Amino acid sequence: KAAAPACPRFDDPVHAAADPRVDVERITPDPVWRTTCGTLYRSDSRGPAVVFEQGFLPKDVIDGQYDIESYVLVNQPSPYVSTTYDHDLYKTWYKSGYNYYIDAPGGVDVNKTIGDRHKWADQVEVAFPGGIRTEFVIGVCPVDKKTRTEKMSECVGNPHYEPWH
């Protein structure tokens, strides 16, 4: 047995951003940044050919919804790409198609930022302002709609993944 080490700390809180035009000063409320470095996950209907090329780009870093709770409660175009601590959250999506695996520094820990009492605290979300570059996307597993399970013989690793810890 070995105990795990601690995580590297990047000076830039949006070091992972695919779109660095994100304005961290406009995040509300004041963000509590994730300091751990475990695998995160994201349900996305887009195929790996798309995501592995572009990374996870946010829908509107300029004029989007910068308020976390507003974005959590009412999904609308925002500077954030949503991820979860929960490997199994894909089972709650309607035909989300893929469960992406992410190894990225930072992100805003939603429940630490807005509390764990809101309606969707159960999503244990980490919101990445500016999105996530492809080098931090590990890979993906397709989801079988009927059983809400991963098709594990069809998982694919991202050739652009660059381990950093």
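From 1 onward, residues are counted along the sequence shown.
*Asks:* Is the mean CA B factor in the deposited entry higher across 40-48 or across 111-119?
*Replies:* Comparing 40-48 with 111-119, the higher mean C-alpha B-factor belongs to 111-119.
*Asks:* Going by the B-factors listed in the PDB entry, is the mean over the C-alpha atoms higher for 121-129 or for 61-69?
*Replies:* The stretch with the larger mean CA B-factor is 61-69.
*Asks:* Going by the CA temperature factor in the entry, name the top one among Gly139, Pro105, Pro29, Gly55.
*Replies:* When the deposited C-alpha B-factors of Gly139, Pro105, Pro29, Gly55 are compared, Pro29 is largest.
*Asks:* Split into thirds by Cα B-factor across the chain's modelled residues, where does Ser96 land: lowest, middle or highest?
*Replies:* Ranked within chain, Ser96 CA B lands in the highest tercile.
*Asks:* Taking the C-alpha B-factors as the PDB entry records them, is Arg148 in the lowest, middle or highest third of its chain?
*Replies:* Middle third - that is where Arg148 ends up once the chain's C-alpha B-factors are sorted.
*Asks:* Ranking the modelled residues of this chain by C-alpha B-factor as given in the entry, is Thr84 in the lowest, middle or highest third?
*Replies:* For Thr84, the deposited C-alpha B-factor lands in the lowest third.
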